[PDB]
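Single-structure report; data block below.
Just so it is clear, the values below take in all heavy atoms, side chains as well, and ignore hydrogens, waters and symmetry mates. Chain letters run A, B, ... following the sequence lines, proteins first, then strands; residues in each count from 1.
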Amino acid sequence: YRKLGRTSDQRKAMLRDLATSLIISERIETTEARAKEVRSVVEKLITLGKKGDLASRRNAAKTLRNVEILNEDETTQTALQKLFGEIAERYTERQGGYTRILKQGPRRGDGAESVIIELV
Amino acid sequence: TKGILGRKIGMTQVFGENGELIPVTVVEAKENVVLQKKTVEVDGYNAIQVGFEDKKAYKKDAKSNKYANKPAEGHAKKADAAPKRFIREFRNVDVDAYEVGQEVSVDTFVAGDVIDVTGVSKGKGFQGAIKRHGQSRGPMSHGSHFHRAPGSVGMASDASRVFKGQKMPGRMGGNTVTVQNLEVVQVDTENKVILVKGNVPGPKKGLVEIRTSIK
Amino acid sequence: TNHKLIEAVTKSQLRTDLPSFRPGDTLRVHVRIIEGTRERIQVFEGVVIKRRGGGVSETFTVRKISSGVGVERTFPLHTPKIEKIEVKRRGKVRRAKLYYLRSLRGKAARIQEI
Amino acid sequence: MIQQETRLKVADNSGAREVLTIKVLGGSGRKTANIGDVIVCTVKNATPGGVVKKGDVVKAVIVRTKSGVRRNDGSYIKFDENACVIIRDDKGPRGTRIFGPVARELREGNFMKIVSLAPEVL
Amino acid sequence: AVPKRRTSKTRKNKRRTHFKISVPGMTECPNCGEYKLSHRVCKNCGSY
RNA sequence: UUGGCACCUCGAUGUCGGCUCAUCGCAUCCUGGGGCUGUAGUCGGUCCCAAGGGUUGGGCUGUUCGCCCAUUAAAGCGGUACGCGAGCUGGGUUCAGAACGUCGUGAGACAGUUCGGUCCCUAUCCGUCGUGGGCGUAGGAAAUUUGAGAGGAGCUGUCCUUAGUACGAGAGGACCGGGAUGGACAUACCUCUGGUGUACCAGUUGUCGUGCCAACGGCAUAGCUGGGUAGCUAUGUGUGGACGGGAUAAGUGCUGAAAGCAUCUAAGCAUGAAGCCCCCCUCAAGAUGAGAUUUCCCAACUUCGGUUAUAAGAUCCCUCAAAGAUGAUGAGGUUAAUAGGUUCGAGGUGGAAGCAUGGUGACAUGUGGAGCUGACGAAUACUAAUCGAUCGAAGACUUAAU
Ligand SMILES: CC[C@H]1OC(=O)[C@H](C)[C@@H](OC(=O)NCCCOCCC#Cc2ccc3c(=O)c(C(=O)O)cn(C)c3c2)[C@H](C)[C@@H](O[C@@H]2O[C@H](C)C[C@H](N(C)C)[C@H]2O)[C@](C)(OC)C[C@@H](C)C(=O)[C@H](C)[C@H]2NC(=O)O[C@@]21C
Ligand SMILES: [Mg+2]
């Protein structure tokens, strides 16, 4: 696996935060290396969501941050609830994938290959 | 006398007749085919070329060594064989006991022969003088600033130069090594595997050239 | 599994006449000692300390006290030199390797049955 | 793995209660030893009396070590303490008993009186 | 650990023979015909 | 070595010991071959040939040296700016402080002691260790190659047998060869023994937070503690220096005369060493002499090739690791298992959650070797290697055979 030029605690934190944000937005923009490394984490969380049993819920609560989404009509529900009620159904029949990645050109401030990781 | 191209799978252990633990390496020799029979008047030295494994056949627009190229298909079709992945030759063999197109099988080896396995070492990459050359390194305390670097590279004004062969840092690995006087413990003809006492050079999934000890 | 060719070429060396046990169980391993001019048997008695990866490569360790001097013997599980293993009595532990018995002597090294 | 400046217990009634080593016989540059190997050593704690007294230089044989030994079948024998026994330059002990277990590998080294005068051969 | 002498213009220009930028890996985009980097999304159109 | 001379260096050539790394001579310390002896063999002494390899660990001093304690087959002598400080130390010595003894009325002094006392430098060139690109090898390519050369190894102990034999009043005691095991050292590898394993498992303290109990997350060296997969590793596992040729050294001869004898010599022809050459391991056609074998590709405009673009072949680009600083090498790019995910498994950890039972409680038991599980094995196109682009032959003369 990759280290992302960062320590262990700071990476653990970055990976879980990036996975949460992806789950919120359903497509985000970042650099290749971190997309390649958040792919597995988000894919595994969705797996914890395709079962929905209380054990998997409690276990997926480890990674996701506690965030609130305001849906249409001022309806509110958290990241766990999204994962287990709006994304489990979408991928009940698909047996992998769950994400795609679309390389983009280098950014300006660096030569970093920005990419967009999106939930498929 | 005998030679087979194989690849290394791993190491395990077997127990011997009197209970002894035998350390072993599993080598997989399958579809070894003779592709030529070099001759003294045709090429200047008598030997035979063996192709191992099996590539796929030519395809237009290939982008990898998976498939054979037109040049290799032709070489192998002259021996009515499939394109192969690794090709080596053997000199110790009697060229007249082989035919262009035969299969060399694992059973060429009987239990208790003496063989030499020639492979390539594992790559360690760029390394320094203590790992690459076994050098004693300096003191780690008592106010030292010479921890792992190599020591003097020469003398002084006499030989105002560094002599060739001075053991300095660089790439380690990627060298052909021949371990000598190993032996085979069992030959299995169905899974096509020659088991060799000891350990052999190389990464897992590599290539070993087993032949009969020259000593 | 492990590599399939490794597992195939070494399947014949595995023993099946052996019982099932776990670290913490005290047991009697019997061994063909071919010492002198006889194949005798020495009933070695100890407490299993650990055991390792499967295949012919599984090895287990047993600990005893000889004359107030701790002795530990590692044995390959499928060694043909072991006639039989009797789990002389079971053992309630909470580890998989019992390294922490190298500092205790006497009742401190106590084990509950079952 | 026993090298010089290593303190060993004596497993005998020679007088010596505990000794340390200077060399490992057997070769130029030899550095270590295991069961069945002889070492030069000087006692550091003697019993009041005994045939061997404090500060003497003596030949001695290793009978049990914590590093222990591999046997040809893949069996390993390890111990909880280093130990040694004094010898009389004939592979024979200086004392009359021998305390504690001993490893079977001493049979080969023809330390038979050591193997015969022992609580447990192993 | 200091330059014992000057590096002449000849030596200088010689060392930097291999010091150059490579033309980009660009291919034409199938929806718009403008060039894009290979394996990247066209920035003019937004396709594949 | 102690000196003599003052020839280069005072717009600076760091000086002694130790550490790291060696390299070369042989007037050889061990090992190999011999002549001998006031050599019965083991013993020793002497001289000759021999430099291939090897030629310890400590106590004491800043010490080189030397002495001492244990070993070894031996613990060799020297050169290399008394090798090596832009590789290291800085104990001694040689700045300023201080102090004792001595000399000086005194300031101070002593190569008399003593305690303390700042070791800078980002490597341009040559050199050296690795690793790329270009071009040449009379076409363009893919693979296998011989070996001109070059490098690496090169050490040796003990035991048993012959044999208690030869030889010995005895005491003692092989030569040869033929077996067996070591030491040191070099290599390859992780199956075993261990080490480490900061995205594996588990227990636990303080504190903050997800309202709350229960569950969990952040921080405290990874908070700590017990384990531990892959990888990487030694102290761990195998292997190696085994034969055997050819020419020799001191030496030993054979036939043999000058010199009808002799005599190893002059013709010739023998034997003889860890030494030389080969043998064994590795690199090697930039070996500009550029070598060899097999295969693949083969047209059609010219207005005359100083020709397109294309073959065969690669590369760009992208998924990767048995490879890696980068670039290279190697496994793959949909006609696809290259990597991710999913499913199953190995190995690791050790009895998840929620329930029900029992306890006042701290907890325990069954579910259920359960739950979790980074690299390890297999299957599966679910996701990404979609699209495309660039480079790359048309084969010279001369002569001889055909
Ligand atoms: C940190 C960067 C600076 O580097 C340095 O300080 C290094 C460390 C220095 O190394 C050395 O000390 N010798 C190596 C250590 C030698 O130990 C033996 C025991 C002693 C002594 C001693 C004797 C007398 C006096 C003295 O009498 C007195 C007073 O006060 O009178 C003051 N003390 C201290 C004395 C002490 C440089 C390199 C030094 O050169 C060297 O000196 C010698 C004169 C000759 C050397 N060679 C020619 C043989 C030479 O190589 C200099 C003089 O530095 C003082 C360098 C000069 C150019 C500088 O000034 C530079 C700018 C430094 N200044 C600074 O700031 O950066 C520096 C680079
Ligand atoms: Mg000057």
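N34(D) and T65(D) are linked by a side-chain donor-acceptor pair at a separation below 3.5 angstrom, with hydrogens and angles left out of the test. With hydrogens and angles left out, the side-chain atoms of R52(C) and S57(C) include no donor and acceptor closer than 3.5 Å. Counted by atom type alone, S213(B) and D116(B) present one or more donor-acceptor pairs between their side chains at under 3.5 Å.
For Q180(B) and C279(F), the CD to P distance is 14 Å, given to the nearest whole Å. As rounded to whole Å, 13 Å separates atom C1' of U235(F) from atom NZ of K31(D). Rounding to whole angstrom units, CG of residue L54(A) and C1' of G371(F) are separated by 14 Å. Computed from coordinates, the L37(E) CG to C317(F) P distance equals 11 Å when rounded to whole Å. Taking atom CD1 on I6(C) and atom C1' on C189(F), their separation rounds to 14 Å, with Å as the unit. In this structure, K55(B) places its NZ atom 16 Å from P of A336(F), rounding to the nearest Å. Rounded to an integer number of Å, the gap from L45(A) CG to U342(F) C1' is 15 Å. Rounded to a whole Å, the CG atom of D25(C) is 15 Å from the P atom of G350(F).
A300(F) and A389(F) have their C1' atoms separated by 26 Å, given to the nearest Å. Across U31(F) and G272(F), the matching P atoms stand 23 Å from one another, rounded to whole Å. Atom name P, nucleotides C43(F) and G240(F): the rounded distance is 33 Å, in whole Å. The gap from the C1' atom of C276(F) to that of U265(F) amounts to 25 Å, rounded to the nearest Å. Going from the P atom of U122(F) to that of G91(F) covers 24 Å, rounded to whole Å. When the P atom is compared between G194(F) and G59(F), the two are found 34 Å apart, to the nearest whole Å. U158(F) sits 28 Å from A234(F) when the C1' atoms are compared, rounded to a whole Å. The separation of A394(F) from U310(F), taken at their P atoms, amounts to 15 Å, rounded to a whole angstrom.
In this strand, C119(F) does not stack on its neighbour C120(F) when judged by six-membered ring centres under 5.5 Å apart and planes inclined by less than 30°. Judged by ring centres under 5.5 angstrom apart and ring planes under 30 degrees, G152(F) stacks on its strand neighbour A153(F). Base stacking is present between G195(F) and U196(F); both the centre distance of their six-membered rings (under 5.5 Å) and the plane angle (under 30°) fall inside the limits. In this step of the strand, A230(F) stacks on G231(F), since the centres of their six-membered base rings are under 5.5 Å apart and the ring planes meet at under 30°. In this strand, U302(F) does not stack onto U303(F); the six-membered rings are not both under 5.5 Å apart and under 30° in angle.
Using the sign of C1'-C2'-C3'-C4' as the criterion, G330(F) is classed as north-puckered. For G151(F), classification of the furanose by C1'-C2'-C3'-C4' yields a north pucker, on the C3'-endo side. Sugar conformation at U181(F) is north: the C1'-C2'-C3'-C4' dihedral has a positive sign, consistent with the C3'-endo side.
For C264(F), the base is syn relative to its sugar; the glycosidic angle is within 90° of 0. Under the 90° criterion around 0 for the glycosidic angle, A169(F) counts as syn. In textbook terms, a nucleotide whose glycosidic angle is within 90° of 0 is syn, and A322(F) is one such case. Shown here, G388(F) is classed anti by the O4'-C1'-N9-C4 or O4'-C1'-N1-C2 angle, which is more than 90° from 0. Base orientation of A12(F): syn, the glycosidic angle falling within 90° of 0.
Summarising the local packing, CZ of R15(E) is surrounded by more than 12 heavy atoms from other residues, nucleotides or ligands at distances under 6.0 Å.
Counting only heavy atoms from C-beta on, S38(E) has its side chain closest to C387(F) among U294(F), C387(F), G58(F). The side chain of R94(C) lies closest to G203(F) when the candidates are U335(F), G203(F), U124(F). Of the listed nucleotides (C281(F), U80(F), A331(F)), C281(F) has the atom at the smallest distance from the side chain of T178(B). Across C84(F), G228(F), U335(F), the shortest atom-to-atom separation from the side chain of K97(C) is found for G228(F). Side-chain proximity of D43(B) to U293(F), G228(F), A199(F): nearest is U293(F). Across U128(F), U319(F), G217(F), the shortest atom-to-atom separation from the side chain of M168(B) is found for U128(F). With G57(F), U124(F), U293(F) as the candidates, the nucleotide lying closest to the side chain of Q4(D) is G57(F). With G333(F), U210(F), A22(F) as the candidates, the nucleotide lying closest to the side chain of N66(A) is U210(F). Considering only side-chain atoms of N199(B), the nucleotide from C320(F), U193(F), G238(F) that sits closest is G238(F). Among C387(F), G332(F), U128(F), the nucleotide with an atom closest to any side-chain atom of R85(B) is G332(F).
Where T118(B) and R5(E) each meet RNA chain F at their nearest nucleotide, the meeting point lying more 5' is that of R5(E). Toward the 5′ end of RNA chain F lies the nearest nucleotide of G198(B), the other residue of the pair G198(B) and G125(B) mapping further downstream.
In this structure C232(F) sits in a base pair with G195(F), meeting the Watson-Crick or G-U test at under 3.5 Å. Across all strands shown, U46(F) forms a Watson-Crick or G-U wobble pair, both distances under 3.5 Å, with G35(F). The nucleotide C280(F) finds its pairing partner in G152(F), both defining distances of the Watson-Crick or G-U wobble pair being shorter than 3.5 Å. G251(F) is paired with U271(F) under the criterion used here, namely a Watson-Crick or G-U wobble arrangement in which both key atom distances are under 3.5 Å.
The minimum heavy-atom distance between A57(B) and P83(B), with the atom names listed, is CA-CG, 4.5 Å.
Comment: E53(B) engages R7(B) in a salt bridge, judged by a side-chain N to carboxylate O separation of less than 4.0 angstrom. In this structure, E73(B) does not pair ionically with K77(B), as no charged nitrogen and carboxylate oxygen lie closer than 4.0 Å.
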Practice task
Could you walk me through whether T10(C) and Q13(B) pass side chain to side chain contact (heavy atoms under 4.5 Å, CB included), step by step?
Solution key: CA-CA 8 Å; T10(C) 53; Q13(B) 52 186 50; over 6 Å; no
